[PDB]
Amino acid sequence: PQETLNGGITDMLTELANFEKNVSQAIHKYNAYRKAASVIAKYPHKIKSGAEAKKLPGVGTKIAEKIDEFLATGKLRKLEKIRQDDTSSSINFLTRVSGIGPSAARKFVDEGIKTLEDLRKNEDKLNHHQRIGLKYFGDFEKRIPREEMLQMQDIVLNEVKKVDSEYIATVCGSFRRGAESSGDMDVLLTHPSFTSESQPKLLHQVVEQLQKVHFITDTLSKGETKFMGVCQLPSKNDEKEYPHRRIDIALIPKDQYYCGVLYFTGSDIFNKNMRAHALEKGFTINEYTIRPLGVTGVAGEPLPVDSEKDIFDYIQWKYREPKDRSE
DNA sequence: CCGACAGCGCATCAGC
DNA sequence: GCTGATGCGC
DNA sequence: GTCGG
Ligand code: NA
Ligand code: NA
Ligand code: NA
Ligand code: NA
């Protein structure tokens, strides 16, 4: 629905969510507020009272009260107060830097480091990830047009195949469901040589090649199975340079690849439904495998999965195009 | 009433 | 030095 | 903060 419908309420709950996560370090309250904000964001009527809102799953007594105060006064005293709070607002803000979580943000503010400028001034107090996060603070908050995602995909698929044409790489996330923009790029990689029962350089060789053609520009973390870093499309020679983007690359055993593609394609709501449906059919589906459940609930050995559809077939679901997995 | 609310890789800390 | 915990991100 | 065993 139009954001003007209940935007004031959903904005309020999202702000409350952020303070719970970043300042109070109450992750479950953060999630409670987010869930309330989502269910309301989807509600196709302008809410007139807290009681009305309380009918929606995830909206309880306290949020109903807050909605009543917001409807009557156009604000919430508690939120107004924390907004103006120098320490709390700075803590909340610093967590926007990738690599600075609630613990680091609190420590920085405790010692008088409150702004990006302060961070810029205190490099030796930042770890590698945090320096990269500061360096690209603005770029990381920008979204990526699908057209750019397509150019990025072109490069990733090309270089992967160049390293070894037996690699399989899939760009997942909402991009794969056809979204018009992305927050970052999520690449799942496999190779027939690598199974759950079977090399510690399969990922490295790919990351290296992407660095050699100057696509990958920085590394946040790199192990044998997961890479997280930064990339940038080549500039059109005279055109303004593209923003640096977050890209993750994960190596997954071949026998677990398609479970991974399904999972990381989502959406999150689709995943919940498919997993439920799988249960009532006597299957357990997670990120890695689908397994049968015996009559007393004992999980059997993972079943053979050679495609996304193999998974749909097990639980008697008709195959669903990623474009159709909004829920 | 009171516990669940996901789980795991990687970088780094804390303890030995 | 080694192991396990913690912070962080997803 | 909300849900539910
Ligand atoms: Na409710
Ligand atoms: Na952060
Ligand atoms: Na953040
Ligand atoms: Na080849």
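Just so we're on the same page: letters track the sequence lines, and every chain starts at 1. Just the heavy atoms: all of them, side chains too, but no hydrogens, waters or symmetry mates, feed the values below.
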Could you tell me which residues satisfy side-chain hydrogen bond (donor to acceptor under 3.5 Å, both in side chains) with [X], sequence neighbours excluded, listed by chain and number?
X	result
A:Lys222	A:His204
A:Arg177	none
A:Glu141	A:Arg96
A:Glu159	A:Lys162, A:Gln209

Are any protein N/O atoms closer than 3.5 Å to N/O atoms in nucleotides 3-5 of chain D? If there are, list each pair with its distance.
from  : atom 1 : to      : atom 2 : distance (Å)
D:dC3 : OP1    : A:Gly58 : N      : 2.8

Quiz item: Is the shortest side-chain N to carboxylate O distance from A:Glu117 to A:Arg120 below 4.0 Å?
Solution: yes
Quiz prompt | Ion pair check, A:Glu148 and A:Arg245, cut-off under 4.0 Å | solution =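 Yes.
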Could you give the [atom1]-to-[atom2] distance, from [X] to [N], as a whole number of Å?
X	N	atom1	atom2	answer
A:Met185	C:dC10	CE	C1'	16 Å
A:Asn31	B:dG7	CG	P	14 Å
A:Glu224	B:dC8	CD	P	18 Å
A:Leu126	B:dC13	CG	P	12 Å
A:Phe227	B:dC8	CZ	P	24 Å
A:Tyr288	B:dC8	OH	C1'	6 Å
A:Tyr30	B:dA6	OH	P	12 Å
A:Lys107	C:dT6	NZ	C1'	10 Å

Quiz prompt | Per A:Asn127 side chain, nearest of listed nucleotides D:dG1, B:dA11, B:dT12 | solution =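 Nearest listed nucleotide: B:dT12.
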Quiz item: Nearest to the side chain of A:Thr225, which nucleotide is it out of B:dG9, C:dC10, D:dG1?
Solution: B:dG9
Let me have the donor-acceptor pairs involving side chains of residues 44-57 of chain A, under 3.5 Å, with sequence neighbours excluded, atom names and distances please.
from    : atom 1 : to      : atom 2 : distance (Å)
A:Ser49 : OG     : A:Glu52 : N      : 3.2
A:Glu52 : OE1    : A:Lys48 : N      : 2.9
A:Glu52 : OE2    : A:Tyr43 : OH     : 2.7

Quiz item: Given the rule that a pair is Watson-Crick or G-U wobble with both distances under 3.5 Å, how would you write DNA chain B in dot-bracket, using | for pairs to a different strand?
Solution: |||||.||||||||||
Which protein N or O atoms sit under 3.5 Å from an N or O of nucleotides 7-9 of chain C?
from  : atom 1 : to       : atom 2 : distance (Å)
C:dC8 : OP1    : A:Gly101 : N      : 3.0
C:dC8 : OP1    : A:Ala104 : N      : 2.8
C:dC8 : OP2    : A:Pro102 : N      : 3.4
C:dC8 : OP2    : A:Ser103 : N      : 3.0
C:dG9 : OP1    : A:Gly99  : N      : 2.7

Quiz item: Do any pairs count as a salt bridge (charged side-chain N to carboxylate O under 4.0 Å, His left out) and have a residue in residues 72-88 of chain A, sequence neighbours left out, and if so which ones?
Solution: A:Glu15-A:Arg83, A:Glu80-A:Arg83, A:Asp86-A:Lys114
Quiz item: Using the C1'-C2'-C3'-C4' torsion, which pucker class fits D:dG1: north or south?
Solution: south
In residues 165-176 of chain A, what donor-acceptor pairs under 3.5 Å come from side-chain atoms, sequence neighbours left out?
from     : atom 1 : to       : atom 2 : distance (Å)
A:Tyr167 : OH     : A:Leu202 : O      : 2.5
A:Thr170 : OG1    : A:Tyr257 : OH     : 2.6
A:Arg176 : NH1    : A:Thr265 : OG1    : 2.7
A:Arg176 : NH1    : A:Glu308 : OE2    : 3.0
A:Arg176 : NH2    : A:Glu308 : OE1    : 2.7

Quiz item: When we call it a touch if two heavy atoms are under 4.0 Å apart, what does A:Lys62 touch: a base, just sugar-phosphate, or nothing?
Solution: sugar-phosphate
Quiz item: Got a donor-acceptor contact below 3.5 angstrom from the A:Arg325 side chain to the A:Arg320 backbone?
Solution: yes
Exercise. Enumerate the residues from residues 259-287 of chain A whose closest heavy atom to DNA chain C is under 4.0 Å, giving them by residue number; use none for an empty result.
Key: none
If every non-hydrogen atom of [X] is compared with every non-hydrogen atom of [Y], which pair is closest and at what distance?
X	Y	value
A:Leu210	A:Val213	O-CG2, 3.6 Å
A:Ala36	A:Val59	CB-CG2, 4.2 Å
A:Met12	A:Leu79	O-CD2, 3.9 Å

Quiz item: Quantified in whole Å, what is the P atom distance between nucleotide C:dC10 and nucleotide B:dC5?
Solution: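 Looking at atom P only, C:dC10 and B:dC5 are 23 Å apart.
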Quiz item: Considering only the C1' atoms, how many Å lie between D:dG1 and B:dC8, rounded to the nearest integer?
Solution: 26 Å
Between side-chain atoms of residues 180-188 of chain A and protein atoms elsewhere (two or more places apart, or another chain), which donor-acceptor pairs fall under 3.5 Å?
from     : atom 1 : to       : atom 2 : distance (Å)
A:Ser181 : OG     : A:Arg143 : NE     : 2.8
A:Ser181 : OG     : A:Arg143 : NH2    : 3.3

Quiz item: Which residue lies toward the 5' end of DNA chain B, A:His28 or A:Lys222, if each is placed at its nearest nucleotide?
Solution: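 Of the two residues, A:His28 wins.
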Exercise. Could you check whether the rings of A:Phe283 and A:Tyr314 sit parallel, tilted or perpendicular, using 30° and 60° as the cut-offs?
Key: tilted
